[PDB]
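Enquirer: Experimental structure below, sequence on top.
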Amino acid sequence: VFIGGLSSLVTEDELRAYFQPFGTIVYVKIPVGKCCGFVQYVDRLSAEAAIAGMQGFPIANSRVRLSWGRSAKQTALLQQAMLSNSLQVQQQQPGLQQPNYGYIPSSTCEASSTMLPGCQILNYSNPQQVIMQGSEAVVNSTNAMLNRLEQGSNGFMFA
Amino acid sequence: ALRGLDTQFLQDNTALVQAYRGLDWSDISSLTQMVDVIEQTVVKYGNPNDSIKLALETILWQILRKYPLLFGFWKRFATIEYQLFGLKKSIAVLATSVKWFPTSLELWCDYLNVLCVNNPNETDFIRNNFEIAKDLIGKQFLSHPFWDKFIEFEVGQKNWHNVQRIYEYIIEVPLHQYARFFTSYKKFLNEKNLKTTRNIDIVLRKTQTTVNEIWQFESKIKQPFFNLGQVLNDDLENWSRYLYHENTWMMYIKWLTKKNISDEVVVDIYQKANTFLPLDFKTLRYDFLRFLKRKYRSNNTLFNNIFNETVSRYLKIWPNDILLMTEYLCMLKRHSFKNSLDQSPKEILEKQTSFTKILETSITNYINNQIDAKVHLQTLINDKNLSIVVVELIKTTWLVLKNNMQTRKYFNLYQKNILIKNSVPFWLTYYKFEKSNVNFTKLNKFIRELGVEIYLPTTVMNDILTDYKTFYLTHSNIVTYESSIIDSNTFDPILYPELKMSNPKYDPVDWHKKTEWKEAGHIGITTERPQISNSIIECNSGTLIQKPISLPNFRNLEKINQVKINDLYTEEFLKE
Amino acid sequence: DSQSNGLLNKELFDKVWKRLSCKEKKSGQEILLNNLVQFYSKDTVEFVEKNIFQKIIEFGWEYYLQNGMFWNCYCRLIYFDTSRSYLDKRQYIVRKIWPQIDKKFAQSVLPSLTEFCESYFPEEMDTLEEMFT
């Protein structure tokens, strides 16, 4: 997702805090002085939900216009290719190699299992590896939420 | 920086000097400025130091050539070229040579004599000792280098033993012990010395860092602790810094921490890392600040000044960072305003009142833009770090002075400021205040405005909604809930936090011109979709049989092949 | 003050304490403690302290005693009280609570305790680090 119109008062940590609850994130970057960033989700569903929900939502007093974009390497390749105006050819982003059975897209994990359909058998580590989701994840999520609500009020993190 | 760029700049300077054809004072000044710029933009490597020294020598400036060389030698223990140039310049010197050169020679021997590339330094020291008539100084210098491990350690020991005519066997047992220790150290070191001479070279890469040689040196320094560690650490650090490497810096600093050396040396090493390391690493600097915070107790006076200087520099280089501000506030309130439980409460409260007053004056003056350079807080304050200072003021007023009316006044006054309106710590402390008071009217208004007027990060919004749902469920009753329910806005403090869980612009309060309909199936691509104005698919056939069905009325048929895209990425980023 | 007894009614307090009695088998010990802290009034904090924190202190359960978040919860419960004056609550914390903990738990209790000290008690931080040598 290409986020444009940033106010330059926002950093990578705060932008990740903004765009975390819509899904898991591969990487978040903000080019220096370019007033725009990128958020690389894992799920297409997560990216679509983020675009649908965060549109015109003002980060640092400046309204934000979301649209699809590309990666960093692809960005540099496209810039050099339009400077040389040679080809302007893109490559499709890699797929998930269907079928995948463990995963449920648009799901969150932070930190036995009978592999029954109701739960989420597999999930993605928060940055990256693959860990088997357990029943203690709901406890850990609330624990971390209370931790960052107590500490964030004192002011150790704006996230 | 770039070796090719540096070579091109040197070639351009040489061409300009050649084309000047005169004394060219302006060209000399330009060359000096270029050399200073190269030194300040690069690591001030041995090649640039030697080039600057050669230029100064050609311009007949011995003092100027030594000064850059002295700076590069004190700023780099492995500055072999700088040390050699300094020795060559000090070979012919004034009467003060006997005091100046010996101190630098002793510093070099204590810093890098145990390195394999220290042969020229030892030779220069031996030549100076032989030329001088200070027999005791020469013997001490020979003894200092005779116990160090070098490549030509046997040759150095033999030379010392053959030159020691008046002190051949003054301490026969110490001499034999030193010779045996030096021989064993050289024999053990030879493998790593060869593996470094085949891999250790500054090229700014992995082969330049020489991972195998560095691992061998680290193993020989950690496992084989032969009590020579006090010099082996500097000897290994020379090659380690010959590579910047964050992990190597952490390893080295942890190693002196395990040594528990005196505070000024580790402080100096932290400062050297702060200078040499480039910006945007944010790890060694925070480690250094935390080290100052923990070791402050020892001195209580010098560490305060060091902390203030470091925080000023860090907040000047990182305008948007915030943890620096809370660390500075904690340091200031801990040192400058010292409280203790033994002394009287009336005296204690005066410090808190003065703290509230200084915070209030600084905030008001910065809002009205009248900076006062006398107070360090006002000049150190920043536009991103204003909400933290005001929230600290709120916290002190509400908790210590226990002035609820004034706390509410401060909230009302500084809520409307655009500069601190959409901040996380301020609104979280407001939430903690309106939770310490049980009142639910303010909290309901707050979580109703959480999507409209108060723009907070969605993670913090989720946390606030969950915690408020739990707090309400635990501390309210059905009578209060029913009184709080109003159906005009469909707001209910039990279900509304669940519905607004992840939708920031969720509002409780013709469907073909809207963006949601225009890009239903595909997001980011807006296309007008053809449709029938009077569609009868809703009606059942049973009531359709009533009357003859009208012909269709159409809409957006010419637009089935024209599809438009708002290419924001290409428009605003590639074309900028 | 119409402070409704949320978790301090004998029907629910029995269940909460019964779950707290397992002390390693369950998962929500810290969440229960932190959600039990929030009462913010004289009599209610007196009851909560005497019934939960004092009783655990006297029982000496090592799991809860070495968990620094428990001590953070206790200090936070006392410090946010709207009845005590600032000097009274600072005196109470510094001279009662901290001496009650054992020194062998320092390496585990120090993080959260120092986090609370940096946030609210910058002046007493010297006393904390001196006592915890």
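Expert: Now that the structure is in, tell me what you want to look at. Numbers count the residues shown, from 1 in each chain, chains lettered A, B, ... in the order given.
Enquirer: what's residue B:71 in contact with, if anything?
Expert: By CB atoms under 8 Å, 6 or more residues apart in numbering or on different chains, the contact set of residue B:71 is residue B:44. Heads up, the C-betas are built off the backbone N, CA and C, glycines and all.
Enquirer: That one belongs to a strand?
Expert: No - Residue B:71 is assigned helix when assessed by DSSP: H, G, I helix; E, B strand; the rest coil, not a strand.
Enquirer: Spell out the residue ranges of the strands in the chain.
Expert: Here I'm looking at chain A. Taking DSSP state E to define them, one finds strands in chain A at A:2-4, A:25-29, A:36-41, A:65-67, A:122-124, A:130-132.
Enquirer: right idea, wrong chain: chain B
Expert: Counting by DSSP E, the strands of chain B are B:525-526, B:531-532, B:554-555, B:564-565.
Enquirer: Neighbouring strands of the first one in the sheet, and parallel or not?
Expert: Using DSSP bridges, strand B:525-526 pairs in its sheet with strand B:564-565 (antiparallel).
Enquirer: what comes into contact with the strand it pairs with?
Expert: With contact meaning CB under 8 Å, 6+ apart, strand B:564-565 is reached by B:524, B:525, B:526, B:527.
Enquirer: Now render the residues you listed as CSV, adding distance to residue B:38 and neighbour count.
Expert: CSV is the format used below for those (distance: CB to CB, whole Å; neighbours: other CB atoms under 10 Å in any protein chain shown):
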residue, distance to residue B:38, neighbour count
B:524, 48, 18
B:525, 52, 13
B:526, 54, 14
B:527, 58, 18
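Enquirer: How about the contacts made by residue B:224?
Expert: residue B:188.
Enquirer: burial count for residue 41?
Expert: Because you didn't say which chain, this covers chain A. The number of residues packed near residue A:41 is 21, by other CB atoms under 10 Å in any protein chain shown.
Enquirer: right idea, wrong chain: chain C
Expert: Quick note: residue C:41 (other CB under 10 Å) scores 16 neighbours.
Enquirer: what does residue B:199 give?
Expert: 16.
Enquirer: where does chain C come near chain B, residue by residue?
Expert: Within chain C, the residues that sit near chain B (CB under 8 Å from any CB of the partner chain) are C:3-4, C:6-7, C:35, C:38, C:40, C:79-80, C:82, C:85-87, C:90-91, C:94-95, C:118, C:120, C:122-127, C:129-130.
Enquirer: Counting only helices, which of those residues make the cut?
Expert: With helices taken from DSSP state H, the overlap with those comprises C:35, C:79, C:86-87, C:90-91, C:118, C:120, C:125-127, C:129-130.
Enquirer: Next to chain A in this structure, residues from chain C, please.
Expert: Contact residues, chain C versus chain A (CB under 8 Å from any CB): C:27, C:28, C:30, C:31, C:34, C:115, C:119, C:120.
Enquirer: Tell me which residue lies nearest the centroid of chain B.
Expert: Most central in chain B under CA atoms, centre = their mean is residue B:282, positioned 2.8 Å from the mean C-alpha point.
Enquirer: quick one, phi psi at it?
Expert: Here is the backbone geometry of residue B:282 (degrees, to the nearest 10): phi 60, psi 20.
Enquirer: need the contact list for it.
Expert: residue B:318.
Enquirer: give me that answer again for 10 Å
Expert: By CB atoms under 10 Å, 6 or more residues apart in numbering or on different chains, residue B:282 lies in contact with B:314, B:318, B:321, B:323.
Enquirer: For residue A:151, see how far away it is.
Expert: 19 Å (CB to CB, to the nearest Å).
Enquirer: Repeat that for residue C:88.
Expert: Noted for residue C:88: a distance of 26 Å to residue A:151, by CB to CB.
Enquirer: residues contacting the residue nearest the centre of chain A?
Expert: Computing the C-alpha centroid of chain A and ranking residues by CA atoms, centre = their mean puts residue A:25 first, at 3.0 Å. Counting by CB under 10 Å, 6+ apart, residue A:25 makes contact with A:15-16, A:19, A:39-42, A:46, A:50, A:124, A:126-128.
Enquirer: And for residue B:297?
Expert: By CB under 10 Å, 6+ apart, residue B:297 lies in contact with B:303, C:125, C:126, C:129, C:130, C:133.
Enquirer: Now the buried members of these.
Expert: Among the contacts of residue B:297, the ones that count as buried by 16 or more other CB atoms under 10 Å in any protein chain shown are B:303, C:125, C:126.
Enquirer: What is the burial count for residue B:324?
Expert: If you count neighbours by other CB under 10 Å, residue B:324 ends up with 23.
Enquirer: and it, what is it in contact with?
Expert: By CB under 10 Å, 6+ apart, the contact set of residue B:324 is B:285-286, B:289, B:310-315, B:317-318, B:380, B:382, B:385, B:388.
Enquirer: Next, check the residues you listed against the helices and list the overlap.
Expert: Using DSSP H, those in helices are B:285, B:286, B:289, B:310, B:311, B:312, B:313, B:314, B:315, B:317, B:380, B:388.
Enquirer: just the residues you listed now: which is nearest chain A?
Expert: Ranked by distance to chain A (CB to the nearest CB), the ones in helices among the contacts of residue B:324 are led by residue B:388 at 4.8 Å.
Enquirer: So the closest one sits against residue B:428, correct?
Expert: No - counting by CB atoms under 10 Å, residue B:388 does not reach residue B:428; the two are 11.5 Å apart.
Enquirer: Give me the common contacts of those two.
Expert: Shared contacts of residue B:388 and residue B:428, counting by CB under 10 Å, 6+ apart, come down to A:154, A:155.
Enquirer: Of those two, give the one with the bigger neighbour count.
Expert: With neighbours defined as other CB under 10 Å, residue B:388 and residue B:428 compare such that residue B:388 has more, 27 against 23.
Enquirer: Residue of chain A closest to chain C, please.
Expert: Distances between chain A and chain C by CB to the nearest CB are smallest at residue A:154, namely 4.0 Å.
Enquirer: I figured that residue was touching residue C:118, is that so?
Expert: Yes - in this structure residue A:154 lies within contact range of residue C:118 using CB under 10 Å: 8.1 Å.
Enquirer: what about those two, which has more around it?
Expert: Counted by other CB under 10 Å, residue A:154 and residue C:118 do not tie: residue A:154 has more neighbours, with 21 against 18.
Enquirer: Which residues are in contact with the more buried one?
Expert: Going by CB under 10 Å, 6+ apart, residue A:154 touches B:326, B:388, B:391-392, B:395, B:425, B:428-429, B:432, C:115-116, C:118-120.
Enquirer: again, but for residue C:50
Expert: The contact partners of residue C:50, by CB under 10 Å, 6+ apart, come to none.
Enquirer: For it, what are phi and psi?
Expert: When read as degrees, to the nearest 10, the backbone of residue C:50 gives phi -60, psi -40.
Enquirer: Fine, thanks again, bye for now.
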